[PDB]
Structure formats: structure tokens, C-alpha cells
Amino acid sequence: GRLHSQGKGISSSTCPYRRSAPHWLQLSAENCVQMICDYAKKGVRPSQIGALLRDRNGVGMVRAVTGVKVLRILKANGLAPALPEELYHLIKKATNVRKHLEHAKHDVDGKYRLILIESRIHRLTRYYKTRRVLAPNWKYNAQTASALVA
Amino acid sequence: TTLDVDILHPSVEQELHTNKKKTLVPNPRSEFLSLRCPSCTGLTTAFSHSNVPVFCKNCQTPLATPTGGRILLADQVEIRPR
Amino acid sequence: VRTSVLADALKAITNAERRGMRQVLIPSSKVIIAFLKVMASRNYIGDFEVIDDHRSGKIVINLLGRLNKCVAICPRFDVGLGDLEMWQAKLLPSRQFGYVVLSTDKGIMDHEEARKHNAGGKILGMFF
Amino acid sequence: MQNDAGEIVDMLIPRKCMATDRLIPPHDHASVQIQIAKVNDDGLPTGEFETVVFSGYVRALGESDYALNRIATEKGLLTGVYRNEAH
Amino acid sequence: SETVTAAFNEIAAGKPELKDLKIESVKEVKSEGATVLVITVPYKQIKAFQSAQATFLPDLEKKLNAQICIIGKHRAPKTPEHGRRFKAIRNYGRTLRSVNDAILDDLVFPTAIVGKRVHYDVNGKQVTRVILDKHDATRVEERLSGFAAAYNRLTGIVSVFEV
RNA sequence: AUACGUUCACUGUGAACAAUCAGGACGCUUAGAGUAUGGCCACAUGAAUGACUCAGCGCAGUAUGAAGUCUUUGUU
């Protein structure tokens, strides 16, 4: 957590050393492509989809089944989200904290942290417009915030 | 003993004591536990850390329940290593 | 941020040699592995193990205890044979030992090799 | 150091530490030169010694104890001692 | 050869799974103790072989008096050499490094790998040092020399295999 | 279908581009200089080379460092 902050974090997952396996379990390449697409129909973000398979269907790495990452499977079938997931959550956070700063405007700690989210988005939207996921003409305003999250 | 430490082939103690990432091969300390309520006879897989509270097919109450680290085993429930 | 590896790693090896350790733990690369290989030919170092973790890598050096500094200078200056014998006089302490690792077109090799092959290039650092 | 037509030049050669392998200069008076009596099986002295050396750096840290364990067991003057166990 | 090709087609009789499998080629090796056979398969067919596999391999190994290590045709050059077709940009799968590392996970299939490393010597020369998972073998303990010969044929590399 | 299948940067090599500076030859009586001068029978010479130098130009080599690579499906 080093970006907009004082602090040096180190805390995350570490992938298992062997991508292949495990023979001991029991799962299939074709059956797992159905189950990913199962949840994405009902409106879940790929960050949560892998976690449901981990905690229901004992799927450690989903790659280690299919040979394929989760977002590729959705885009292969042709049914991912339109916005990136990291971008979606920030604009959904930033519209909510701006809703708060209407009501009571004295918390400058709210204002200071409205920037540093609004700042984070303008970094990401640049990155995604290079990869050509969002078209040049796409924008983020206060008026256009609720249109994109919905 | 600051100068001499053997770091190619360390002890079994020292691999467990060092951090998840700091080991010579990095790989996690967390595995899929098999589980069983003595009510049922159906053998349920689960991820030890979780996030989601675990149920079997049949009953209703969660088999394991979420904290920070490992799953908190509610009731008398047991683990079969497989 | 890790600006450079070959720069960083040779600092850590030097801090082992001052202290007088037996072995060191360096994220690995393909220039760092070649830089260690070229000083292994001149017998400044022992013999080392470039381990896998499906990741950047690690190296475990085995120190022989015969080495005073590894620099790695940057930015990577171009140097060409007629121009080179200035960079010996600046960088090394003596004339009569210590080598200047530069990545010639053929590969990364001492100055003593590079003048034999008749190929200059960009320089990485030195050792002595 | 060598004159190269032939010969050897320079006067004196500093002895080298067995632990660290650095040079022992003239003036580091914390430098040490041990003698240890090698013995025949059944503990009989053979009138033949091993001379272990340390520099004043290695003694200053603390670690010249632990080198004596390592060096003696390499030469074959101890058993156990070096390598395990705590607990 | 058509020792293994004749041997495979007779034991393939009566099985739905082994009905469409094919072998390209094979390379025998000098293994000190016995010999070993290294049987190449057309890439898309690997997981067809490798889905069950352990039914028929004991029968094939016992008949020819030799170990059998099944392998994919993994092929991969950055600079055109001629007599070969090369993608300009190339791909990671296409490159040699992926090929040589994909080859291991075929060769010793059923155990999978815990560790891998190199050892660079004072001379300069290099010795790979693979470590098999300490749980699967058991069996892996018996065939270690066979792999050291077989892997040295395919990739050119001096390896060893240990627990 | 015996030459063609990324260009650069960088390196080597090649082209291209007075005096002074460095440097070779020669006892201006020496020196700073100068381009001479040495052989008694009509002869022999020398007036080199490098640097001046970044850019622009060619072939050869690819270790390092770049660009090249429109994908809810691209190329012939």
C-alpha cells in the first residue's frame, strides 16, 4: 500500500510453485469454463468469481485447471464487463464520497481523500486508453459517474 | 555466527520460521481441508483460510467460519488428510 | 523502485566481502549471471547457484574471499578501443590488476579479452 | 610479487587469516597464532602441531570462537561440537 | 523403429481412449542399467495420451524391457537460419526456453517438480539440478538415471535428478 | 518458389572531408626554423602518417538499450 500513502506494506498471495496439477483433486477443462460463465451471467466481477470457485469447488488456481486466466475465458465467450474492475470500484467509491461532501462540507479529510481517488482514476483511465479498451473521447465527470456504474 | 550461515540447504525448522515469500522456493502455507460433521457422512472440501462460511450439502449451519487467518472450526468437527 | 539490478546486486556482494562472509543471496538476471561468470574465469569468486522460483530468480554466490570491490557504473557509457585506455586509468586503482567488464558485441568480457577480439561496446563496471 | 625476468621481490609476506581470508598487516597486534597438539589415537601426542591463525578483525566481532569449531573439525581434532544441535 | 508402433497398435485394440492415438518417432538411449525409450506425440494429442495413461504404460514398459517417458513435440529461431519458418516477433510458447521447460513436465509427468536450479563452476561450465517432489516417489526413486540420459539427448544439458 | 525474411542506437571496418597542433626525414655551425639535401663523371632521392571531428554515407557484427506487435477475435 505504497502509492498515495506513507506506509510500506508486504502482504499478498503467492502462487503455488507448480502451475500444473493436481491429479489428486478432480476437475475438468470444459466443465470449469461453464462455471465461470455461470456466475458472470448473474452479475459478478472477476475478482470475486475465482474466490467462489476456491471456497465452493476447491479450485486453487483457475489457470492451473484451464491453461487460461479468468478474464480471457469471459472475453473468449464474449461476456465480460465493459469497464475494468479496479476502475469500476474507484468511481463507485468516489461518487459515494462526493455524495457525502454535499451533506456536510467541513470534513477536509473527506476532501483530501476525494483527491487520491479522483487522482487514482485519471492514472488508470490513461493506461486503459493506451491499450484501447476505452476509446479516446471516454471521460469521468460528476454527471457521468452514475451513468457508468449503473 | 554472523559470517557462516548455510543458505542453499537450510533446516526444516528454518523454512517454517521464515516468511511465506522469503523461502528459497516461495510457496504458501495453506491447503484444502476435507471436513465432516458427525451428523452427516458426506465429506466436504474447503479452503482453510476462506472468506465465505462453509456449509455441507445437507444441514444448514456453517461447517467452518471466517476470521483473519485460518478457519474457526465450529462444533465438534474433524479433518481427514487427503 | 528498482532502477537497476546489476548496479544493485554488486553492492550487496561487496558488503559481503568487506564483512568476510562465506555466501551471499542476490532478483537475478542474464547480465548479472554473465558478470559473475567473467570474474569466475579470473578466479576472484568461487562458484554459484542460479535458482528457480518461476519468478525473477535468485542467486546464491559462494565467496572465496579474494575480492575488494565490485562497482557497476551507470549510465552505460559507449566505449571504443582507442577511447578505452582512459577508462582503465580512471576506474581501476592500479595498472597491474583488475578488469573492466564491458558488453562487447560478442558478449560481456574483460578489457583484456575485448582488445584481443577487437570489439568495444557499452561498459557495465569493473572489479578489483 | 614477481620481477618477471625471474626472481621474487618484496620483503615479508603478511600471513592470511583462516576465517576471513584477509591480510594480516604489521601493526594489528590483536592478531593471534595458535598451536594445537595433534594426537595419536588413544590420546598420545605425536610431537607435531597445527598452527591456526586469526586476524584482529575476527576476534573483535566475537566470531573467532566459532571459526575454531569449524577449522578444527575440518582438520580432524574434534567430534560433534560443530554442526548441531540447539534443542 | 516400428518396434513401439507395432507394439502400440496391438495393445490399442479394444480401447475407446487409445483408439485414435499416434506416435511420430522415438529415440533410444544408453542408460547404463537397461535402456530407455522417449516417445514423441503430436502436441494436441499429449493430454489425450496423458488423461489416463497409467493403464497401458506398465504393459508397454514390461514388454520392451525398458522405461517409457512420453513427450510432446514441442518445437521452437529469432534469426532466420533458412530451412525453417520463423515468426518475426515470435511468441513465448514458440521460443526455446518454454520448450525446454515444458519438456520436463512431460518427462517426469506424474510427480511434478518442487525445485530447479543451476550450478555454475569455477571452470565456467553449468550443471542443472532438478528436484522431484518428495511424496510421489516411491516410484520416481527407481528411474532417476534414465531421465538424466534422456533429458541430455533432447536438450543437450547435463542434469541430475534427486528427491 | 541460391538471394530473400524488421529497422535504428552502439561497436569494428571503409568511403567522404592549407598553414598551425602532434610526428617522420635532413648536422640551417647549433637552436628557434626551413623543405630540403646527399653522391667529383651526370645518379639517388624526400616533401610520410596521424589528429583536426560532431553531424551526414556504405557493408559487416547483435551483447546491452529502444522501437516493431490495431484482437468481445487478427493475417493470406
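Residues numbered from 1 in each chain as written, not as in the entry; some residues may be left out. Chains lettered and ligands numbered in written order. Part of a larger assembly, values for the part shown. Heavy atoms only, no water.

The deposited coordinates derive from cryo-EM, with the record listing a resolution of 3.35 Å.

Our next topic: the overall build of chain A. Along the backbone of chain A there are eight helices and zero strands. Traced from its N-terminal end to its C-terminal end, chain A shows the element sequence α-α-α-α-α-α-α-α. If one aligns the C-alpha atoms of chain A with their principal axes, the spans along those axes are about 60 × 35 × 30 Å. Across the 150 residues that make up chain A, the buried fraction comes to 28%. Sequence-distant contacts, at least 24 apart, represent 60% of the contacts inside chain A between residues at least 6 apart. In the form shown here, chain A has an accessible surface area of approximately 10,500 Å², with 52% of it arising from carbon and sulfur atoms. Chain A carries 27 positive and 9 negative side-chain charges, and their two centres are separated by 7 Å. (Helix = DSSP H or I, 4+ residues; strand = E, 2+ residues; numbered from the N terminus. Buried < 20%, exposed > 50% of the residue type's maximum accessible area, 1.4 Å probe, protein only. Contact = heavy atoms within 4.5 Å. Areas by Shrake-Rupley, 256 points an atom, 1.4 Å probe, with all protein chains shown as cover. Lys, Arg positive; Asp, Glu negative; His and termini not counted. Charge placed at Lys NZ, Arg CZ, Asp CG, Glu CD.)

In terms of helices and strands, chain D carries two helices and four strands. The order of helices and strands in chain D, counted from the N terminus, is β-β-β-β-α-α. Compactness check: chain D gives a C-alpha radius of gyration of 17 Å against a globular reference of 12 Å for 87 residues, more than 25% above the reference. Once the C-alpha set of chain D is aligned to its principal axes, its extents read approximately 55 × 35 × 20 Å. Considering chain D as a whole, with its 87 residues, one finds that 24% of them fall into the buried category. Put simply, 37% of the contacts in chain D that link residues at least 6 apart link residues at least 24 apart. Put simply, chain D shows about 6,700 Å² of open surface, and 52% of that area lies on carbon and sulfur atoms. Side-chain charges of chain D comprise 8 positive and 13 negative groups, with the mean position of each set lying 5 Å from the other. (Rg over C-alpha atoms; globule rule 2.2 N^0.38 Å.)

Each strand in a sheet pairs with its neighbour through backbone hydrogen bonds, running either in the same direction (parallel) or in the opposite one (antiparallel). Residues and elements named next belong to chain E. Strand order in the open sheet formed by three strands is 1-2-3, and the pairing between neighbours is mixed. Edge positions in the sheet fall to strand 1 (25–30) and strand 3 (66–72), since each has one partner strand and no second. The sheet shows a mean angle of 25 degrees between the axes of neighbouring strands, direction not considered. Direction of pairing for strand 2 (residues 35–41) relative to strand 3: parallel, over a ladder of seven bridges. Each residue of the ladder has a partner; that of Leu37, found in strand 3, is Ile68. Together, strand 2 and strand 3 form the strand contacts of helix 3 (residues 57–64), whose direction differs from that of strand 3 by roughly 130 degrees. (Pairing = 2+ DSSP bridges. Axes fitted to C-alpha atoms, helices over the stretch in contact; angles between N-to-C directions.)

Another aspect to go through is the arrangement of the chains. Ranking the eight pairs of chains in contact by number of contacts places chains A and B first. With no contact between them, chain A and chain D keep their nearest C-alpha atoms 30 Å apart. The two partners chain D and chain E share no contact, and the minimum distance between any of their C-alpha atoms is 19 Å.

Let us now look at the environment of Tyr66(D). Mapped onto the fold, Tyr66(D) is located in helix 2 (residues 64–75). When the C-alpha atoms of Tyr66(D) and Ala19(D) are compared, they prove to be 9.4 Å apart, with 47 residues separating the residues in sequence. If we skip the residues at most four places from it in the chain, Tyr66(D) touches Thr1(B), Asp4(B) and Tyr82(D).

The subject of this paragraph is the protein's contact with RNA strand F. Taken together, 29 residues lie around RNA strand F, and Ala80(A), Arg76(C), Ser103(C), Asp105(C) and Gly120(C) are the ones closest in. When atoms of RNA strand F within 4 Å of the protein are sorted by moiety, sugar and phosphate together comprise 61%. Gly80(C) has a polar backbone atom sitting 3.0 Å from a phosphate oxygen of RNA strand F. In the model, a sugar or linking oxygen of RNA strand F is placed 2.9 Å from a nitrogen or oxygen of the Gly120(C) main chain. For the surface near RNA strand F, the elements supplying multiple residues, two or more each, are helix 4 (70–77) of chain A together with strand 4 (78–79), strand 5 (102–104) and strand 7 (121–123) of chain C. (Near = heavy atom within 4 Å. Polar contact = N/O pair within 3.5 Å; in protein donor to acceptor, adjacent residues only side chain to side chain.)

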